[PDB]
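In the block that follows, a single chain appears as structure tokens, in the form deposited in one PDB entry.
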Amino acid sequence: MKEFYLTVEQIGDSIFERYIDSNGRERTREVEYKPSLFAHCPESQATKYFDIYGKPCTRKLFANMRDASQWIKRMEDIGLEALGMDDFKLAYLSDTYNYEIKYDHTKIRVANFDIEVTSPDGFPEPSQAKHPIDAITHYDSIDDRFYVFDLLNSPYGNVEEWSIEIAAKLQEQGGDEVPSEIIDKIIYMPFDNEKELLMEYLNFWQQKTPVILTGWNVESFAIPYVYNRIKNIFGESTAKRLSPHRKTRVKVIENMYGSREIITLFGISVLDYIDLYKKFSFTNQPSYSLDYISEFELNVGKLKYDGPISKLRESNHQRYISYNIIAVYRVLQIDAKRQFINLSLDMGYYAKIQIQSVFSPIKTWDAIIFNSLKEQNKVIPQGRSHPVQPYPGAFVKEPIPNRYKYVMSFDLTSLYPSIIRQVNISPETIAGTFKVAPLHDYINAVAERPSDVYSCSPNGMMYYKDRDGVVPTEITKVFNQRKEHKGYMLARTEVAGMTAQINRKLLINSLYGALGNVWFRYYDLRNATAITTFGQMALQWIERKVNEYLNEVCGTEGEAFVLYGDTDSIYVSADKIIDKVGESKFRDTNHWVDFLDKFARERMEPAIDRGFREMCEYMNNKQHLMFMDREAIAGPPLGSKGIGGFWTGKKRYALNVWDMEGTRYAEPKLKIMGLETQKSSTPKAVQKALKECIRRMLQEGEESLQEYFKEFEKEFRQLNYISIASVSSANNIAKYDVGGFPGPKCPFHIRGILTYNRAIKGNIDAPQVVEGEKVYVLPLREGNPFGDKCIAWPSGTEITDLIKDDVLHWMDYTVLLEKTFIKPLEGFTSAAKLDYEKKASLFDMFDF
């Protein structure tokens, strides 16, 4: 079969590559690769090579890679463009693999591992690695085996060997419930000391060296730990053998609160599964712990255990190991579902990049564009440095805070790529400039037509509509491929078909990101602004077009139909369209959902396309790619007192949705956005009730809402203390910690954290509050034994019995209810023009 790369690395004048050969064998080669870069030349010099601007270029072959780099520096000094691909690994891959790469994952060693490190003094810092590794579970995808490394004697105790037999049994039988599917795939290896285990693991590693190395938190915990441990114990010469090319680099990552270290294992591609998940799941999760994610994904989670993990090895080593196995298998189970690694393998081979560069839209697009330009002898521009400079972005209408009985929303598809394509925005496409009228003038087609020669954007930009721009071409090609591969979604292969289609979608949605990123070879401020400013007029123009149409239809005049617009959406108030027929004519809920759907399809969408073809002519664009789809139809169930929907402000609304782009729901479902019910900081029991409140407001009406309040409020004190405790994340605890006490500016949760410490001071048993970790918070009644307004303890857990009974006694229900339930509700009912209790004076609603 066809050859394919595995990992590629540049070291000095060499390029080191692991690859699969003609006969499926994994192997390594060192190549003294000669790069070509390109300079500009006079018309005199005749060449096949031109830059994107059609300017002639000379191909400079270099004897070695350092030459090429030294040349880029020399060229930088003179002040002349050094164009071509500066990242020689990409160039090497483009040269070596000059075809559509077809890979076979059965020949790619994917490893999932986790370690366990008994640490009795807090989280074992990986860069310090000061505690013995007492378990490694390492899964090899080729052998389909779980290789379990068990330390039997540590500083923290001696233990019996782990039992597969006991592991297989049910929890009720004293078992660990390690699944049947993996019980015959475990290879158990106990060790008498830690050096014996680490050197046996290190051999194992050379024998079965990961191409893709993954798992949950490997890049931040497991890899740094193993590395520093081996390193500290055996010296760096030994730890480096953990890379196939024996080169490793320590890298520091700065962030919000501080910096961090990762080990770059040259010749391996590390795809931490936590990072694959956060990147490609597209579901903002309240927690990213393997336990929570595995629960959300598989309805099962990580193995359960009594007491702290720090005592588990001593207390129940049997479980401790089994828990190490289950956690590695959890990741595998999630990947069996979401397919992220396969999706990474697809993208990486499609772009011809190092697989790990799937985390970089920059690196991916750059390599994709470079290749297609290479195929036509074109020379990519030098990556110039650019001052990071904020430009305007998405437009968001101020909603008038109200209730909205019938709402119908619409959506522009793939707005930003669409605009790039519609206008022809690209570096080499810039054709000039035009005198900008205020954006409002363009919105109302009142400004003078920008140009009738060039494709225009309301930010003053003008583009050639005669040339086919590099970027719009590349984004058009990815669109066309999507269709193609989602056309084989008519025909085992309904797998490679999905991942191709999903990955084209990922590239499409990631392009604008890159184009706004200053380290993009094709970044251009004038252009990025052109995209966002065009989008800003697209949306408001169509807000105008929609109002005009519906006013004309309804015989109304100057009636605000479009109630809200967020980035690529418009939400349309369909009250009057309903009134045209009249409510009593509809027989059931489904009958008016029928009516609206029909009206949008037959009357609005034609008026919308009609409206956008006008904009296209006004701006003089290359082609018309502005297409809207009807998203939601929302309202109260027929013959009910329910309000249907409400907006409390920008990105703050609830809708009672009946139909999402064609799909008609059985029961109605609440689309809630921005409101406290969608907030992780909101207590469990309260999240549940605000949602009930919103359910009752939209579907049932005021008297129902009021009934639930009076009831929930009567019944608050009996709810579990953990369910009514608000969550928060603790950051810079020390930064506000002045001798155990809240210094200037100390935020509410951190104050609570210190109050806990004050009651914790001098306790081992007590679970300490980790800096950068989620914390429960609870208000305390005035004059309490902890001497503060609040207390805050670690989340996901019950509070220590050393203070628990005094917390429960002193916690301020009144201040808790008002702060977490009532105030947010008053929020919603105020907007929806509703009362959550009777006899509320009408006069509150005024600024008297």
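Under this definition, the rigid core comprises the largest set of C-alpha atoms superposing within 1.5 Å between the forms. In case it trips you up, residue 1 is the first one in the sequence shown, and so on.
If you look for the form deposited in another entry, you will not find it shown, but the lines that follow are about it.
Visitor: With the two forms fitted on the rigid core, I'd like to know which residue in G174, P155, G662, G432 is displaced by 2 angstroms or more at its CA between this form and the one not shown.
Guide: Result of the superposition: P155 is the only one at 2 Å or more.
Visitor: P767: with the rigid core matched between this form and the one not shown, does its Cα shift 2 Å or more?
Guide: Result for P767: yes, a 2 Å-plus shift.
Visitor: Core-aligned, is the CA shift for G649 between this form and the one not shown 2 angstroms or more?
Guide: No, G649 moves less than 2 Å.
Visitor: Does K804 move its CA by 2 angstroms or more between this form and the one not shown when the core is aligned?
Guide: Yes; that C-alpha moves by at least 2 Å between this form and the one not shown.
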